[PDB]
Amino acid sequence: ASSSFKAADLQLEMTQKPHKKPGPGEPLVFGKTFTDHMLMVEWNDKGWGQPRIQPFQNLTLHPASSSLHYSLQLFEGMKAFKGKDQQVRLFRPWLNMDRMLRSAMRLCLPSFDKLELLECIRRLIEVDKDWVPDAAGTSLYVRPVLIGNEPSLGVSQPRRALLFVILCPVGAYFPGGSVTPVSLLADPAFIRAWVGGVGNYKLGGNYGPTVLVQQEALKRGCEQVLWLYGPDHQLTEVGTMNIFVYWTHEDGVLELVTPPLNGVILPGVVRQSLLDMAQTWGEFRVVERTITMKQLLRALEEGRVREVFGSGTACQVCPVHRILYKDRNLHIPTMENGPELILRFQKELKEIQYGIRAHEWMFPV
């Protein structure tokens, strides 16, 4: 936690051998193709070094690096979009910079200046501005990472750290413009996070354990995992996305609900953007309240449920049409009802993100 680094001290080293761009008409799979440059800033005793943009390359880590033994690592994830006016913009970057600072502090990694980092990221995207796709639904995924880098096997606060950022072009989540549903496996046996735990931070350690559970879901015929918490089986998250339910509550009011930030939930940026956007329309009750399987099951049998979806940077708004709970199939009417609300959220985010409409959430590069 020492005096930050300055974007003003940014050293830039253009690449010698530019990677071959993907090229229109080619399959863009999520996070598999990377741009030409990367950001890199190191930390140690005298504090931060000067930030540098340099050619994309491999990292040289000491075998005893704490990032590889004790998981002193955290990451972030956000997107940049290119509008028809050829301008590139980042979606509410400030929220990500804040989340990252908090995660850093939870792991005892060096704090830094949120705006300086933001500026450095803007310069990086500027350098690889040509990598940003402009098709439909495409964008640039930005991946900042901060890791401890102490060459010691002692479990302690790092005296050396490393912060880098890489970029990669990602195609439309829904090829064709049409949204498609996903089935979810809901099994109480699996717990991704506990209160007093660290599930409300974007730390590597929270995902490794989920790989096995995801395979278990696929084998059962489901695409994603619905994480349940507590004896009351309350819904918390879906895969790596926040969960929303559009229904008529028990009291007869039409509402949109998502679980509260009780500690076992990651504060999604898209999640916050949906609440804000919905609060603004003032067309129905928008609330943060606990949701349990029983409440869901009752609503389903009474036909009060309209749409259920997941939210996250990867898949802005993701429709859910089926849940496998206790070896029992629960069909969710999401698609037969539109999905009206989902389609609306989608259209509005698209106009804001692609510059069709001027908005303060967008950060120009």
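Only the largest set of C-alpha atoms that superpose within 1.5 Å between the two forms is called the rigid core. Each residue number is its position in the shown sequence, starting from 1.
- RMS Cα deviation from the shown model in 4 other deposited structures of this protein, rigid core fit, is larger for 176-184 than for the other stretch of the pair 221-229 / 176-184.
- RMS Cα deviation from the shown model in 4 other deposited structures of this protein, rigid core fit, is larger for 16-24 than for the other stretch of the pair 353-361 / 16-24.
- Judged by mean Cα B factor in the deposited record, 130-138 ranks above the other of 89-97 and 130-138.
- The PDB entry reports B-factors from which the mean C-alpha value can be compared for 287-295 and 70-78; the larger average falls on 287-295.
- Of the residues listed, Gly268, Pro209, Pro158, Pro169, the entry assigns the biggest Cα temperature factor to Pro158.
- In this entry, the residue among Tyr201, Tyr229, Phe244, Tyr173 with the greatest C-alpha B factor is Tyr173.
- When all modelled residues of the chain are sorted by CA temperature factor, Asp113 is found within the middle third.
- For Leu341, the recorded CA B-factor ranks within the lowest third of the chain. Only modelled residues enter the ranking.
- For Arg143, the recorded CA temperature factor ranks within the lowest third of the chain's modelled residues.
- The PDB entry assigns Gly310 a C-alpha temperature factor belonging to the lowest third of its chain's modelled residues.
- The PDB entry assigns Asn44 a C-alpha temperature factor belonging to the highest third of its chain's modelled residues.
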